[PDB]
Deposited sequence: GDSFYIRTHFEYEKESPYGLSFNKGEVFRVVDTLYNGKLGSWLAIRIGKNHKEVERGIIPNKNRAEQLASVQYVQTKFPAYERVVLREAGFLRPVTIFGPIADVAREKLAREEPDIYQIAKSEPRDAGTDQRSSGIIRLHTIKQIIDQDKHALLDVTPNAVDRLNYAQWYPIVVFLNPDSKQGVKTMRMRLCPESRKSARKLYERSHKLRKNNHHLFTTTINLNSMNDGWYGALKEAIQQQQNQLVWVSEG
């Protein structure tokens, strides 16, 4: 009927009780432009995980959206509202893992299921640059071999991969505590020189500023290695979901 779907690329807080707040990356079915946006608002429905219709309310219209997005430095080449469409994944999506044991995760998957997973090589970081590592061709080589490319990349790389329509599966491994991290590292990678504190602080930063890129989250129990079996199921489950893709 009337409706179309959008993806937000700005954070917004409702100033009306009939409104809906949103984070970046949230999808909405715009159900009614409410007199062509002339009241400043649209009627939208929030789409939940497994694409179910969760909450209904008013959001800003396109003009006010574009205007609200001007003020936060959110470094994004995306429109404030992106026109968006559901599609079955037409290839094996690259997999990005974040959190205090993502390196162990990557290594274990590539070692134990070499037929399903392969670590994509990354470019050396250049001395005297920012906080372009994996080239697109490298990922294509792995995709064409019927495998998931494991990517050791930056949140900004993920954003960029989203923009180029490569839509990685992004898993966050959530730590219980700093101590938890230390304990898991002793058991899983005692040779590692990386700092448990640094990795824990980096995850807190990741969760707080960047949660909107996560496709899915697994909570770590530092007592046991159950996170691994759950990692393998989560990626398969994610690969089997329809994807929100840019329209046009």
item: Sequence order list of spans that the model leaves without C-alpha positions, deposited numbering; value: 132-134
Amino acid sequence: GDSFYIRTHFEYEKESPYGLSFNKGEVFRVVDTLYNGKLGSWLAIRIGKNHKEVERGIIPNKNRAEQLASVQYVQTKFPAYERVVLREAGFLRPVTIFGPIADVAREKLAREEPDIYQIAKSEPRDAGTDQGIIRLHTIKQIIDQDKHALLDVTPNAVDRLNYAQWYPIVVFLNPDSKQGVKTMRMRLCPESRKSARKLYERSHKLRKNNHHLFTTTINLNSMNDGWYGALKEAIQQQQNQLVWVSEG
From here on, numbers count along this sequence of modelled residues.
query	finding
Entry-level comparison of average CA B-factors, 162-170 and 133-141, reporting the higher stretch	133-141
Chain third (lowest, middle, highest) by recorded CA B-factor, residue given as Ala110	middle
Position of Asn156 among the chain's modelled residues by C-alpha B-factor, lowest, middle or highest third	middle
Third assignment of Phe91 from its chain's C-alpha B-factors	lowest
Cα B factor band for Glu55 (lowest, middle or highest third within the chain)	highest
Chain-relative CA temperature factor third for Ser41	middle
